[PDB]
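Listed next as structure tokens is one chain, alone, in the form deposited in one PDB entry.
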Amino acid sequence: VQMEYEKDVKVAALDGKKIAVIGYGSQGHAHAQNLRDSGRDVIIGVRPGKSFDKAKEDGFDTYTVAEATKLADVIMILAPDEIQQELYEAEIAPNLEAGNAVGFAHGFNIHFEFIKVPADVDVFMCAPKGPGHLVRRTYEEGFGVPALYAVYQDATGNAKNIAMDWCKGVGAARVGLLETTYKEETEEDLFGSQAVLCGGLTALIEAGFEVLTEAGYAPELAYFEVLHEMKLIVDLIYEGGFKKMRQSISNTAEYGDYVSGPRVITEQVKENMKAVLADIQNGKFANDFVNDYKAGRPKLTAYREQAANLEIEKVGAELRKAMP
């Protein structure tokens, strides 16, 4: 797969389309504001509330969800995964016309088929690899955030052109686009955050903090040596890979990296990751998350209250308070 830019957006497929952005959170706000500043015809749809009147005061023709769908050719759904199915069956599905295009920024509900869009309506994705405030701010400052695009079903023959023009309209094509599939995006994103970015990382940090503090070392120092200093290390990898990071650190730290990394993250850890991937591919994780949500989030409640009691979080808060 090769990275694509503005020159690769062959058809200005959003020309003359009425675009509804569903939801006005950080993500919904950025997409809608960026498309408007690019020259597209964006209205907002959301339930009545703070979002509604923040949109109405941002200048957007704001309607309910059910009725902004009625008005639009392109309906981009930027609500949380857990409410999308209800919001779609109740407000969005009864207001789609043949030839509309429905967009998502994450493939979870379409891929796992919690939502099924009629076969005469396009389904596309444009999935910026950054948070809402960054998608909006980088656009305001003249570049953007790179993004994935995908098409799950193409009824009109325009679905890919719509996805790429969407990415171009929100600034993503200024910095780079990668074509994917709903299946690949959904499974790789879930595996990445579960096994490495979020789950693996916090568990690695926490286990290191436990080893140090259980061995008798000062927890304030431990906080610096397993968490605080990670920002600069990761900044370096972000900018220049493992190579740049390992030049900046001491030779002692770099030698320890080579020698000790493999002792911590072993072949067995890789096998553990494979089982995590399996439960993503076979729908078990997805069903587990949806079931927890339908039951009132009991597992999420217990996890959150356990995390709030971690010693690294209490020590950390105090130290971050002491370092303005």
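Each residue number is its position in the shown sequence, starting from 1.
One more form of this protein should be noted, the form solved in complex with a small molecule, which is absent from this view; the next part is about it.
Contact annotation: the small molecule lies within 4.5 Å of heavy atoms from the stretch 80 to 88 in the bound PDB entry, the single such stretch among 146 to 154, 67 to 75, 80 to 88, 212 to 220. Here is the short version: of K270, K294, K50, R263, the single residue with a heavy atom within 4.5 Å of the small molecule in the bound PDB entry is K50. For the candidate set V226, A105, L178, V175, a heavy atom within 4.5 Å of the small molecule in the bound PDB entry is found for exactly one residue, namely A105. By the criterion of a heavy atom within 4.5 Å, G200 is excluded from the residues contacting the small molecule in the bound PDB entry. Remark: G169 does not count among the residues lining the small molecule in the bound PDB entry, judged by a heavy atom distance of 4.5 Å or less. The small molecule is not drawn, but in the bound PDB entry it has a heavy atom within 4.5 Å of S26. Interface membership of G192, defined by any non-hydrogen atom within 4.5 Å of the small molecule in the bound PDB entry, is ruled out.
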